[PDB]
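Structure record follows, encoded as structure tokens.
Bear in mind these aren't lab numbers, they're just calculated from the coordinates by the rules spelled out. Here the Cβ positions follow ideal geometry from the backbone for every residue, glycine too, while neighbour counts run over all protein chains shown.
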């Protein structure tokens with residue numbers, strides 16, 4: 001149970017490091033792969049730590065993994081099918097925003113001040129903007145930094161539950 | 001929890017059904033993308049159905065996702081780092097076999113005949129061989145069938161314990 005989850009987590013950082021460091025001329029897909037593997041690492045960490053957060057927070061990671069797999073699939077695609085892929089990713093983004101709103105609603109019920117909630121919104125939006133920057137600025141040293149920042153953000157969310 | 005996880009499963013099925021039937025010319029990595037989404041569906045099924053299999057079998061889903069997401073990183077890359085990628089891949093494949101052995105032990109201790117013990121070994125080997133073949137048959141109708149076969153195999157496990 002916990003032992004195997006730790007074994008994968010100690011193996012998790014042995015893959016993401018390899019993906020990020022290698023293939024210096026990968027492109028916009030390498031950063032997406034690294035972000036997906038960060039989502040897997042986050043899910044593993046949530047499973048190892050307090051497991052009561054799987055529904056509001058682990059589901060966030062799984063749905064982000066689904067969205068970033070859809071984005072990988074429709075990245076190189078170009079044509080008529082792209083309109084049915086973007087609109088589907090739009091429904092995915094709406095649902096991830098709804099899940100984040102639900103998480104904030106259940107956090108607001110646990111005595112969180114308004115400034116803390118605003119800080120969480122700002123941190124999530126900064127994380128999304130930094131991921132977009134990593135998509136545009138395809139340099140590898142920035143993908144590493146944005147993935148570490150995402151891990152720190154989710155670790156802080158876990159710590160402040 | 002159940003309602004949200006069912007909602008993701010409905011969205012994950014739509015994502016997978018769109019992705020498998022989108023790129024009719026890309027038939028080397030689209031199989032990997034569809035197989036990576038199908039492991040998400042299997043994990044969602046496990047999380048909606050009996051959760052006691054999350055530790056033995058959900059970890060298998062996470063490991064299969066990790067391997068099938070590292071496989072793309074090996075794919076496009078063709079430099080010296082591909083050898084390190086193969087080393088990591090065979091290190092994860094030597095652990096997925098161990099996890100399968102561990103699942104075999106708990107299946108035996110729960111009560112299973114010799115015919116049913118080697119039946120799942122044959123099923124798993126057939127499924128992985130069919131996945132390997134699907135990498136060669138780049139059509140999007142063989143990969144859909146092999147993905148549904150994998151779902152059927154991983155659904156016949158939770159039914160038969």
Which of these, B:39, B:107, B:77, has the largest mean-square fluctuation under a Gaussian network model of chain B (Cα springs below 10 Å)? B:77
What distance in nm separates the two pseudo spin-label positions at residue A:93 and residue B:129, each 7 Å out from Cα along the beta-carbon direction? 4.6
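Applying 1/(1 + (r/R0)^6) with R0 = 30 Å to the Cβ-Cβ distance of residue B:119 and residue B:141, what FRET efficiency is obtained, to the nearest 0.05?
That gives a FRET efficiency of 0.65.
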At residue A:82, with labels set 7 Å past Cα in the Cβ direction, how many nm apart are the copies from this one, shortest first? 2.9
For B:96-104, what's the mean count of beta carbons from other chains sitting within 10 Å of each residue's beta carbon? 1
What gaps in nm, shortest first, separate residue A:48 from its twins in the other copies when you place the label 7 Å past Cα toward the beta carbon? 3.0
Nm distances between the label at residue A:128 and the same-position labels in the remaining copies, 7 Å along Cα→Cβ, shortest first? 4.0
How high is the relative contact order of region B:2-159? Use alpha-carbon pairs under 8 Å, at least six apart in sequence, and give a whole percent. 31
Mind checking the mean number of beta-carbon atoms from other chains within 10 Å of the Cβ atoms in A:61-74? 6
How large is the Kirkwood hydrodynamic radius of region A:91-161, in angstrom, based on all distinct alpha carbon pairs? 13.3
